[PDB]
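Throughout, protein chains are lettered first and strands after them, A, B, ... in sequence-line order, and every chain is numbered starting at 1.
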Amino acid sequence: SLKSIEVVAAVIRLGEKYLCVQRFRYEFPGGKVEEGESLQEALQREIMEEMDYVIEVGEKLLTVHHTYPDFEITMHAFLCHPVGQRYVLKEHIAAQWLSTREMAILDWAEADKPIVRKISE
Amino acid sequence: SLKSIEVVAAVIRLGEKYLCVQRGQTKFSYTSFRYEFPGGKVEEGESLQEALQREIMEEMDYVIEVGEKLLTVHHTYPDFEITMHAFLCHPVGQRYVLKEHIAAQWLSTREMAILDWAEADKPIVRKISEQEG
């Protein structure tokens, strides 16, 4: 079947606050890379599609590798800087701007925990 | 999008032979891709059968009829959700086209035991093998 699964996550910062979504646990916005896309263009499309939010992808924060026997799965987190000033919540997906100490009291998705851990350090 | 994917696989049968594919070329002259059943991802707004039919048509130019579900393989990885659906399929069209670096063989279940199968496809092979052999 699938040779690889690449997932991208956007860590969007304004001030001391990070865009955290609850779509249930909390997560960073992002999604899967389509075949033929780079990781950055996958992330910019994914954020536009789900949130109408125009961002610039910056430096890569971390790569989460896995050793699962059946599928090769890799997650790529990028520090992102917003260009637009508009984001849309297509219904019942709530989003908050939170500081790191607000983020630590929260139920985060398992895939996103390394990013939350890193944002602190 | 959600961190969850649905995969479909076609078990194409002709007589007592099944279509087994090898999709790619490695860098090394002493390594090669393992075998697998043709298929791919289910895109949003598609049923499992229509995603399969589309995927077979796009990779192989092969008109197929999707029949009964043979098995479902679920994975419960902490970081990502994957479901595989294998369906028994019957050819309508009489020609398929293999692109660059793609090989395919029509094999019995006994001959299928000779090959190296992708780890994800191994439950499917075992199911096919348990029912005749």
Heavy-atom contacts under 4.5 Å, residues 2-10 of chain B to chain A:
B:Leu2, B:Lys3, B:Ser4, B:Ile5, B:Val7
Can you name the closest pair of heavy atoms from B:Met84 and B:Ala120 and give their distance?
SD-O, 3.5 Å
Between chain A and each of B:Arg23, B:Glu36, B:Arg34, count heavy-atom pairs under 4.5 Å; write down the option with the most.
B:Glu36
If the threshold is 4.0 Å, N to carboxylate O, is there a salt bridge linking B:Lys127 and B:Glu130?
no
Using ring centroids (six-membered ring only for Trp), state whether B:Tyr77 and A:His66 fall under 6.0 Å.
no
Atom pairs and distances, side-chain donor-acceptor, residues 51-59 of chain A, under 3.5 Å, sequence neighbours left out:
none

State plainly whether one hydrophobic cluster holds both B:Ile12 and B:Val92, where clusters connect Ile, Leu, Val, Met, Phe, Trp and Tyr through side-chain heavy atoms under 4.5 angstrom apart.
no
Region of A:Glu49 that comes under 4.5 Å of a non-hydrogen atom in chain B:
neither
Just give me the residue among B:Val73, B:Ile124, B:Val21, B:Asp121 that pairs up with chain A most often, heavy atom to heavy atom, under 4.5 Å.
B:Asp121
Kindly give the heavy-atom pair with the smallest separation between A:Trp108 and A:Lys113, and that separation in Å.
O-CE, 3.5 Å
Does A:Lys17 pair with A:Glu102 as a salt bridge, N-O distance under 4.0 Å?
yes
